[PDB]
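*Asks:* My structure is in run.cif, and what it holds is mmCIF, C-alpha atoms:
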data_input
loop_
_atom_site.label_atom_id
_atom_site.label_comp_id
_atom_site.auth_asym_id
_atom_site.auth_seq_id
_atom_site.Cartn_x
_atom_site.Cartn_y
_atom_site.Cartn_z
CA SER A 1 105.56 192.89 100.45
CA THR A 2 105.02 189.37 101.73
CA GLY A 3 105.92 187.25 104.73
CA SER A 4 106.21 183.50 105.30
CA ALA A 5 106.77 181.79 108.63
CA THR A 6 106.71 178.21 109.79
CA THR A 7 104.28 177.33 112.56
CA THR A 8 105.07 174.34 114.83
CA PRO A 9 102.86 172.28 117.18
CA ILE A 10 103.70 172.85 120.86
CA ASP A 11 103.25 169.19 121.77
CA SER A 12 102.42 165.72 120.44
CA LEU A 13 98.67 166.48 120.40
CA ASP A 14 98.77 169.70 118.35
CA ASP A 15 97.25 171.54 121.33
CA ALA A 16 98.44 174.81 119.79
CA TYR A 17 100.96 176.09 117.28
CA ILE A 18 103.79 178.59 117.77
CA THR A 19 105.34 180.88 115.18
CA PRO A 20 108.55 182.86 115.72
CA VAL A 21 108.09 186.65 115.73
CA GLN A 22 110.84 189.30 115.82
CA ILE A 23 110.11 192.24 118.13
CA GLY A 24 112.26 195.31 118.65
CA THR A 25 115.76 196.44 117.76
CA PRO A 26 117.92 194.40 117.97
CA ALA A 27 115.36 191.68 117.36
CA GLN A 28 113.95 189.76 120.28
CA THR A 29 112.43 186.54 118.93
CA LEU A 30 109.38 185.25 120.79
CA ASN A 31 107.24 182.25 119.85
CA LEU A 32 103.66 183.42 119.57
CA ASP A 33 100.32 181.67 119.19
CA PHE A 34 98.72 183.12 116.07
CA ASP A 35 95.03 183.43 116.92
CA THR A 36 92.41 184.26 114.27
CA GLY A 37 89.84 184.40 117.08
CA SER A 38 91.31 187.43 118.91
CA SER A 39 92.87 190.76 118.08
CA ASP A 40 95.59 191.54 120.63
CA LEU A 41 99.32 190.98 120.16
CA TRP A 42 100.52 190.44 123.73
CA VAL A 43 103.73 189.05 125.13
CA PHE A 44 105.36 187.84 128.30
CA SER A 45 107.71 190.62 129.25
CA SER A 46 110.12 192.11 131.76
CA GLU A 47 106.98 193.59 133.37
CA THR A 48 105.24 190.24 133.92
CA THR A 49 104.76 189.32 137.58
CA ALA A 50 107.80 187.13 138.25
CA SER A 51 105.86 184.28 139.88
CA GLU A 52 103.70 184.03 136.72
CA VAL A 53 106.66 183.43 134.41
CA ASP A 54 107.83 179.82 134.11
CA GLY A 55 110.16 179.22 131.17
CA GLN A 56 108.75 181.67 128.63
CA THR A 57 110.96 183.98 126.62
CA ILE A 58 110.22 187.58 127.58
CA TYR A 59 110.18 190.84 125.66
CA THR A 60 112.25 193.54 127.37
CA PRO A 61 111.25 196.91 125.92
CA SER A 62 114.10 198.75 127.67
CA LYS A 63 116.53 196.75 125.50
CA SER A 64 114.82 197.80 122.25
CA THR A 65 115.92 201.09 120.70
CA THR A 66 112.65 201.30 118.76
CA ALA A 67 110.30 200.63 121.71
CA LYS A 68 108.11 203.50 122.92
CA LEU A 69 105.60 203.42 125.77
CA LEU A 70 102.09 204.07 124.45
CA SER A 71 101.33 206.45 127.26
CA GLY A 72 98.18 205.74 129.24
CA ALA A 73 97.19 202.65 127.27
CA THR A 74 96.18 199.46 129.07
CA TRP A 75 94.72 196.15 127.96
CA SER A 76 92.86 193.23 129.49
CA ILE A 77 91.56 190.15 127.74
CA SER A 78 89.61 187.04 128.70
CA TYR A 79 89.49 184.08 126.33
CA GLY A 80 86.81 181.47 125.69
CA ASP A 81 88.71 178.87 127.71
CA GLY A 82 88.67 181.04 130.83
CA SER A 83 92.28 182.20 130.58
CA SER A 84 93.22 185.88 130.77
CA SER A 85 96.01 188.44 130.72
CA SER A 86 96.48 192.19 131.10
CA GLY A 87 99.02 194.97 131.15
CA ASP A 88 100.30 198.07 129.40
CA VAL A 89 101.39 198.83 125.82
CA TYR A 90 104.46 199.71 123.79
CA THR A 91 104.80 200.38 120.11
CA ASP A 92 107.72 198.68 118.39
CA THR A 93 108.87 197.08 115.17
CA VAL A 94 107.44 193.60 114.61
CA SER A 95 108.43 191.19 111.86
CA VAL A 96 106.88 187.88 110.86
CA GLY A 97 108.62 185.74 108.27
CA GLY A 98 110.37 188.72 106.68
CA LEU A 99 107.33 191.04 106.74
CA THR A 100 107.92 194.11 108.90
CA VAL A 101 105.44 196.48 110.56
CA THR A 102 106.71 199.59 112.31
CA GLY A 103 104.68 201.13 115.14
CA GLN A 104 102.88 197.88 116.01
CA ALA A 105 101.13 197.84 119.39
CA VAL A 106 102.92 195.24 121.50
CA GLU A 107 100.87 194.60 124.62
CA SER A 108 103.14 193.84 127.56
CA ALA A 109 101.66 191.51 130.16
CA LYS A 110 101.82 192.53 133.78
CA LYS A 111 99.56 189.61 134.73
CA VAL A 112 98.71 186.28 133.11
CA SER A 113 96.42 183.48 134.29
CA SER A 114 97.69 180.09 135.36
CA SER A 115 97.15 178.33 132.03
CA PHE A 116 99.57 180.76 130.37
CA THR A 117 102.18 180.42 133.13
CA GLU A 118 101.95 176.64 132.90
CA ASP A 119 102.60 176.60 129.17
CA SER A 120 106.31 177.31 128.84
CA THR A 121 106.19 177.02 125.04
CA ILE A 122 103.91 180.01 124.35
CA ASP A 123 105.49 183.45 124.78
CA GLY A 124 102.31 185.34 123.87
CA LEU A 125 99.56 185.66 121.29
CA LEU A 126 99.33 187.39 117.93
CA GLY A 127 95.71 188.17 117.16
CA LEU A 128 94.44 187.96 113.59
CA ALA A 129 90.70 188.57 114.04
CA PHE A 130 89.29 192.02 113.21
CA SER A 131 90.73 195.06 115.01
CA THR A 132 87.28 195.93 116.40
CA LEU A 133 87.94 193.24 119.06
CA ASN A 134 91.25 194.74 120.19
CA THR A 135 91.12 195.46 123.94
CA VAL A 136 93.52 198.39 124.25
CA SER A 137 92.00 201.35 126.08
CA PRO A 138 91.41 204.24 125.68
CA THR A 139 92.70 204.06 122.10
CA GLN A 140 91.95 200.77 120.34
CA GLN A 141 94.89 199.38 118.37
CA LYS A 142 95.23 197.55 115.06
CA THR A 143 96.32 193.96 114.53
CA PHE A 144 99.59 193.09 112.80
CA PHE A 145 97.61 192.09 109.68
CA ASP A 146 95.59 195.31 109.64
CA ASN A 147 98.81 197.36 109.93
CA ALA A 148 100.56 195.32 107.21
CA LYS A 149 97.64 195.13 104.81
CA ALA A 150 98.24 198.15 102.60
CA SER A 151 101.87 197.12 102.02
CA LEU A 152 101.01 193.52 101.15
CA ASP A 153 101.02 192.35 97.53
CA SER A 154 97.47 191.07 98.18
CA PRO A 155 95.42 191.80 101.35
CA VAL A 156 95.38 188.19 102.55
CA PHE A 157 97.01 185.75 104.91
CA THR A 158 96.84 181.97 104.81
CA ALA A 159 96.91 179.28 107.47
CA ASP A 160 98.32 175.88 106.54
CA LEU A 161 98.47 173.97 109.82
CA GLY A 162 100.05 170.54 110.00
CA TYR A 163 98.79 167.36 111.62
CA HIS A 164 101.54 166.36 114.05
CA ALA A 165 103.91 168.39 111.84
CA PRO A 166 104.95 171.97 111.11
CA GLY A 167 102.97 174.17 108.75
CA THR A 168 102.99 177.72 107.43
CA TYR A 169 101.47 181.17 107.86
CA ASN A 170 101.87 183.32 104.73
CA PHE A 171 101.08 187.01 104.43
CA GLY A 172 100.35 188.80 101.18
CA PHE A 173 100.23 185.89 98.75
CA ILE A 174 98.55 182.55 98.08
CA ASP A 175 101.01 179.69 97.56
CA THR A 176 99.40 177.74 94.73
CA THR A 177 101.71 174.77 95.42
CA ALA A 178 100.38 174.33 98.96
CA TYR A 179 96.96 172.87 98.15
CA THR A 180 95.25 170.49 95.76
CA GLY A 181 92.33 171.26 93.49
CA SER A 182 90.69 174.67 93.76
CA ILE A 183 90.02 177.09 96.63
CA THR A 184 86.35 177.58 97.46
CA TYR A 185 85.50 180.99 98.84
CA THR A 186 82.63 181.70 101.19
CA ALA A 187 81.12 184.85 102.74
CA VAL A 188 82.29 186.30 106.04
CA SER A 189 80.37 188.34 108.59
CA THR A 190 82.54 190.71 110.60
CA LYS A 191 79.64 191.74 112.84
CA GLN A 192 81.07 189.97 115.89
CA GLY A 193 84.71 190.77 115.00
CA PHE A 194 85.48 187.19 113.95
CA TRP A 195 86.12 185.36 110.71
CA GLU A 196 82.53 184.13 110.86
CA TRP A 197 81.11 182.04 108.06
CA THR A 198 78.41 179.44 107.34
CA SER A 199 79.26 175.84 106.54
CA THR A 200 76.83 174.08 104.24
CA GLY A 201 76.67 170.81 106.20
CA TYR A 202 78.46 167.69 107.30
CA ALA A 203 78.98 163.96 106.94
CA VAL A 204 80.18 161.31 109.38
CA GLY A 205 82.58 158.76 107.94
CA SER A 206 81.28 157.32 104.68
CA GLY A 207 77.74 158.48 105.53
CA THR A 208 75.51 160.68 103.45
CA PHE A 209 76.06 164.42 103.53
CA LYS A 210 73.53 166.41 105.57
CA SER A 211 72.82 169.81 104.05
CA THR A 212 72.39 172.24 106.91
CA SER A 213 73.69 175.73 107.67
CA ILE A 214 76.25 175.87 110.47
CA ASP A 215 77.41 179.38 111.40
CA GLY A 216 80.81 179.45 113.08
CA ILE A 217 84.23 181.04 113.28
CA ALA A 218 87.57 180.05 111.78
CA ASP A 219 89.74 180.13 114.88
CA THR A 220 93.38 179.03 114.77
CA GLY A 221 93.68 179.71 118.50
CA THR A 222 91.14 177.04 119.49
CA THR A 223 92.38 173.45 119.51
CA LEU A 224 89.16 171.54 118.86
CA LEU A 225 86.10 171.58 116.59
CA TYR A 226 83.02 172.78 118.48
CA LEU A 227 79.69 172.17 116.74
CA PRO A 228 76.00 171.93 117.65
CA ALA A 229 75.03 169.10 119.99
CA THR A 230 72.97 167.39 117.27
CA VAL A 231 75.97 167.17 114.93
CA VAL A 232 78.36 166.06 117.65
CA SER A 233 75.96 163.36 118.90
CA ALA A 234 75.63 162.05 115.33
CA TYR A 235 79.42 161.80 115.07
CA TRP A 236 80.09 160.04 118.38
CA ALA A 237 77.17 157.63 117.89
CA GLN A 238 79.39 155.99 115.24
CA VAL A 239 82.12 155.18 117.77
CA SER A 240 81.42 152.14 119.98
CA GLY A 241 81.64 153.07 123.64
CA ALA A 242 81.86 156.83 123.12
CA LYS A 243 79.97 158.97 125.61
CA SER A 244 79.72 162.47 126.94
CA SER A 245 81.35 162.70 130.37
CA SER A 246 80.43 165.65 132.58
CA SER A 247 83.29 164.69 134.92
CA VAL A 248 85.87 164.88 132.11
CA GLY A 249 84.23 167.81 130.34
CA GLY A 250 83.14 166.38 127.00
CA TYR A 251 83.01 163.35 124.76
CA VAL A 252 85.43 160.54 125.50
CA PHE A 253 85.92 157.32 123.62
CA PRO A 254 87.78 154.02 124.06
CA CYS A 255 91.40 154.46 123.10
CA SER A 256 91.07 151.13 121.21
CA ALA A 257 88.64 152.74 118.73
CA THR A 258 89.21 153.56 115.10
CA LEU A 259 87.61 156.98 114.61
CA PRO A 260 85.58 157.83 111.51
CA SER A 261 86.37 160.90 109.45
CA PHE A 262 84.23 164.04 109.60
CA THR A 263 83.40 166.10 106.50
CA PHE A 264 82.30 169.73 106.53
CA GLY A 265 80.86 171.72 103.66
CA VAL A 266 82.25 174.91 102.17
CA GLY A 267 79.74 175.92 99.54
CA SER A 268 79.51 172.92 97.21
CA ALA A 269 83.00 171.80 98.29
CA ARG A 270 83.88 169.33 101.03
CA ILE A 271 86.76 169.24 103.52
CA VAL A 272 87.49 165.83 105.05
CA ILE A 273 88.96 165.63 108.54
CA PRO A 274 90.59 162.19 108.92
CA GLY A 275 89.58 160.21 111.98
CA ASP A 276 93.08 160.37 113.46
CA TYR A 277 92.84 164.19 113.65
CA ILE A 278 89.94 163.74 116.10
CA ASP A 279 92.03 161.73 118.62
CA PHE A 280 93.36 163.81 121.54
CA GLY A 281 94.71 160.87 123.48
CA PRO A 282 94.28 159.58 127.00
CA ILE A 283 92.32 161.84 129.35
CA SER A 284 95.10 161.30 131.89
CA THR A 285 98.42 159.52 131.60
CA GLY A 286 97.89 155.78 131.19
CA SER A 287 94.10 155.97 130.82
CA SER A 288 92.30 153.88 128.22
CA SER A 289 89.67 156.65 127.88
CA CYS A 290 90.62 159.09 125.13
CA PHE A 291 89.45 162.67 124.62
CA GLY A 292 87.50 163.57 121.50
CA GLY A 293 88.45 166.32 119.09
CA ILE A 294 84.87 167.16 118.13
CA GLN A 295 82.90 168.61 121.06
CA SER A 296 79.59 170.37 121.64
CA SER A 297 79.41 174.14 121.32
CA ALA A 298 76.27 174.20 123.47
CA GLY A 299 76.88 176.83 126.12
CA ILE A 300 79.82 178.42 124.27
CA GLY A 301 77.31 180.44 122.30
CA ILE A 302 79.16 180.03 119.00
CA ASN A 303 80.40 177.19 116.80
CA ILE A 304 84.19 177.10 116.42
CA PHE A 305 86.13 175.67 113.52
CA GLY A 306 89.35 175.29 115.46
CA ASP A 307 92.59 173.56 114.60
CA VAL A 308 91.05 170.08 114.21
CA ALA A 309 89.08 171.43 111.28
CA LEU A 310 91.50 174.04 109.91
CA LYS A 311 94.49 171.72 109.75
CA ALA A 312 92.60 169.53 107.25
CA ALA A 313 92.61 172.49 104.83
CA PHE A 314 94.60 175.27 103.25
CA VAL A 315 92.74 178.33 104.53
CA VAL A 316 92.70 181.82 102.99
CA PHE A 317 91.80 184.74 105.21
CA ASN A 318 90.92 187.35 102.59
CA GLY A 319 91.00 190.82 104.12
CA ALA A 320 89.82 192.71 101.07
CA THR A 321 87.20 195.45 101.51
CA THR A 322 84.58 192.72 101.64
CA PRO A 323 86.34 189.92 103.53
CA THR A 324 85.90 186.27 102.59
CA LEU A 325 87.31 182.89 103.60
CA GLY A 326 88.74 180.30 101.25
CA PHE A 327 89.21 176.57 101.83
CA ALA A 328 91.09 174.03 99.75
CA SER A 329 92.00 170.40 100.33
CA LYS A 330 95.73 169.66 100.59
#
Using the file provided, produce a representation of the structure as structure tokens.

*Replies:*
Amino acid sequence: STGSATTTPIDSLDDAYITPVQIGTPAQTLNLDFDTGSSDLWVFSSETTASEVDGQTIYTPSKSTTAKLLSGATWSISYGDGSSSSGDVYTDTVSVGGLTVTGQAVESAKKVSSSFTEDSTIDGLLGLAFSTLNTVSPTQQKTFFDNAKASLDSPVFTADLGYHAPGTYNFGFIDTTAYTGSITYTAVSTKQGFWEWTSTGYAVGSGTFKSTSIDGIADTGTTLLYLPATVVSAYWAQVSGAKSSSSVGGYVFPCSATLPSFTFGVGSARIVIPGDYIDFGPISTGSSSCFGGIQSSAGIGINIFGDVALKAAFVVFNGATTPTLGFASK
């Protein structure tokens, strides 16, 4: 089997991407944030505290003939950005782009933090990291990909995120028309439950490539590119007037700037992030200070290849017995 679904930016900045997902019988379609940095599929629901719902589409398990309470199971998750959610669990039928999993754990939120409430466009998350990070207790549950894997034509999914445009998540096949040149594969460590890999270095603009190992995670659920302070300083030093602002919470730059590109290494291959991808616009409405898309990972504890980086590539998440990651230009 295979699946193919379009993923769409939630706003003009590509802050996140939503993908329609069919849950239950008859289908209830919710728009979920596919997140390769977590491993829970959770949704706004009929059980979500009413004051914490503001415009989201909810899953109502009582209206699904295939829903079953997973008795005694609870979940609770906290994300890197400080947001959180928790609740109980149903199993139900879940389909993505024509690919169907029966008995998928669908984690129903009883509580969500303010950032989720305030984002009316995201109806929940669909985790695509390794199932070892799944938070369901006392019986840990599998991700949608883990459940689908044995039925897939090939045990892979791909992320093809657009810059200010829709893109695609495919399951079970590699679309050879969706990228240019060849795909370069690189080793993955699953020790922390993430799609963790080591980039071979970077360049700023037309500058020389610096060969240096940068361990980090491929994370579709993180907006920005978070790298070591040395690398980030080297990038922003090439933008006149750019500075790190503790008051704003990272590097800002004059909105009048033309940003240089940023290249990262994948083995001997190179992925080029155009300068425009690194512009996240005014810090507040009408400001001439703009927020940077490359930020320091210092104090996160891990480097994160988020959407800013991933959307410059066609990315293969290879879930074979020994997982790997592939990157191609597009």

*Asks:* Evaluate the PyMOL selection byres ((chain A and resi 313) around 6) here and jot the selected residues down as a PyMOL selection string.

*Replies:* chain A and resi 310-312+314-315+328-330

*Asks:* Could you pull the residues within 12 Å of residue 105 in chain A, counting only C-alpha atoms, minus those fewer than 2 positions along the same chain, as number ranges by chain?

*Replies:* A: 23-24, 39-43, 67-71, 73-75, 88-94, 101-103, 107-108, 126-127, 131, 134-137, 139-147

*Asks:* Would you compute the distance between CA of residue 295 in chain A and CA of residue 10 in chain A? Give it in Å to one decimal.

*Replies:*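 Taking CA of residue 295 in chain A and CA of residue 10 in chain A, their separation equals 21.2 Å.
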
*Asks:* Selection in question (the file shown): the PyMOL selection byres ((chain A and resi 248-261) around 7). Which residues does it include, as a list in words?

*Replies:*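 In the shown coordinates, the PyMOL selection byres ((chain A and resi 248-261) around 7) covers residues 204, 205, 239, 241, 242, 243, 244, 245, 246, 247, 262, 263, 272, 273, 274, 275, 276, 288, 289, 290, 291, 292 and 295 of chain A.
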
*Asks:* Counting all atoms listed in the file, which of A:110, A:214, A:164, A:80 gets nearest to residue 52 in chain A?

*Replies:*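 Between A:110, A:214, A:164, A:80, the residue approaching residue 52 in chain A most closely is A:110.
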
*Asks:* For the file shown, what are the residues hit by the PyMOL selection byres ((chain A and resi 233) around 10), laid out as number ranges by chain?

*Replies:* A: 227-232, 234-238, 242-244, 251, 294-296

*Asks:* With only C-alpha atoms counted, which protein, DNA or RNA residues have an atom no more than 8 Å from (86.4, 178.5, 96.6) in the file frame? Please answer as a list in words.

*Replies:*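 I get residues 182, 183, 184, 185, 186, 266, 267, 269, 326, 327 and 328 of chain A for the residues within 8 Å of that point.
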
*Asks:* Please indicate the distance in Å from CA of residue 35 in chain A to CA of residue 219 in chain A, rounded to one decimal place.

*Replies:*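 It comes out at 6.6 Å.
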
*Asks:* Provide the CA of residue 28 in chain A to CA of residue 86 in chain A distance in Å, to one decimal place.

*Replies:* 20.7 Å

*Asks:* Set the distance at 7 Å and use all atoms listed in the file: which residues neighbour residue 16 in chain A once local chain neighbours fewer than 5 positions away are removed? I'd like the list as JSON, numbers by chain.

*Replies:* {"A": [9, 10, 221, 223]}

*Asks:* I want to know what sits within 12 Å of residue 302 in chain A, based on only C-alpha atoms, with residues of the same chain fewer than 2 positions away left out; could you give that as a PDB file with C-alpha atoms, in the frame of the given file?

*Replies:*
ATOM      1  CA  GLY A  37      89.840 184.400 117.080  1.00  0.00           C
ATOM      2  CA  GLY A  80      86.810 181.470 125.690  1.00  0.00           C
ATOM      3  CA  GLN A 192      81.070 189.970 115.890  1.00  0.00           C
ATOM      4  CA  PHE A 194      85.480 187.190 113.950  1.00  0.00           C
ATOM      5  CA  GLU A 196      82.530 184.130 110.860  1.00  0.00           C
ATOM      6  CA  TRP A 197      81.110 182.040 108.060  1.00  0.00           C
ATOM      7  CA  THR A 198      78.410 179.440 107.340  1.00  0.00           C
ATOM      8  CA  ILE A 214      76.250 175.870 110.470  1.00  0.00           C
ATOM      9  CA  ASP A 215      77.410 179.380 111.400  1.00  0.00           C
ATOM     10  CA  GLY A 216      80.810 179.450 113.080  1.00  0.00           C
ATOM     11  CA  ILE A 217      84.230 181.040 113.280  1.00  0.00           C
ATOM     12  CA  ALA A 218      87.570 180.050 111.780  1.00  0.00           C
ATOM     13  CA  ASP A 219      89.740 180.130 114.880  1.00  0.00           C
ATOM     14  CA  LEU A 225      86.100 171.580 116.590  1.00  0.00           C
ATOM     15  CA  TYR A 226      83.020 172.780 118.480  1.00  0.00           C
ATOM     16  CA  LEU A 227      79.690 172.170 116.740  1.00  0.00           C
ATOM     17  CA  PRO A 228      76.000 171.930 117.650  1.00  0.00           C
ATOM     18  CA  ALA A 229      75.030 169.100 119.990  1.00  0.00           C
ATOM     19  CA  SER A 296      79.590 170.370 121.640  1.00  0.00           C
ATOM     20  CA  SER A 297      79.410 174.140 121.320  1.00  0.00           C
ATOM     21  CA  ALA A 298      76.270 174.200 123.470  1.00  0.00           C
ATOM     22  CA  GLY A 299      76.880 176.830 126.120  1.00  0.00           C
ATOM     23  CA  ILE A 300      79.820 178.420 124.270  1.00  0.00           C
ATOM     24  CA  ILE A 304      84.190 177.100 116.420  1.00  0.00           C
ATOM     25  CA  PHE A 305      86.130 175.670 113.520  1.00  0.00           C
ATOM     26  CA  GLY A 306      89.350 175.290 115.460  1.00  0.00           C
TER      27      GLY A 306
END

*Asks:* List every protein, DNA or RNA residue that has an atom no more than 6 Å from (94.1, 190.6, 132.1) in the file's coordinate frame, counting all atoms listed in the file, and report them as a list in words.

*Replies:*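 I get residues 76, 77, 84, 85 and 86 of chain A for the residues within 6 Å of that point.
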
*Asks:* For residue 120 in chain A, which residue out of A:12, A:95, A:57, A:284 is the nearest one, using only C-alpha atoms?

*Replies:*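 For residue 120 in chain A, the nearest of the given residues is A:57.
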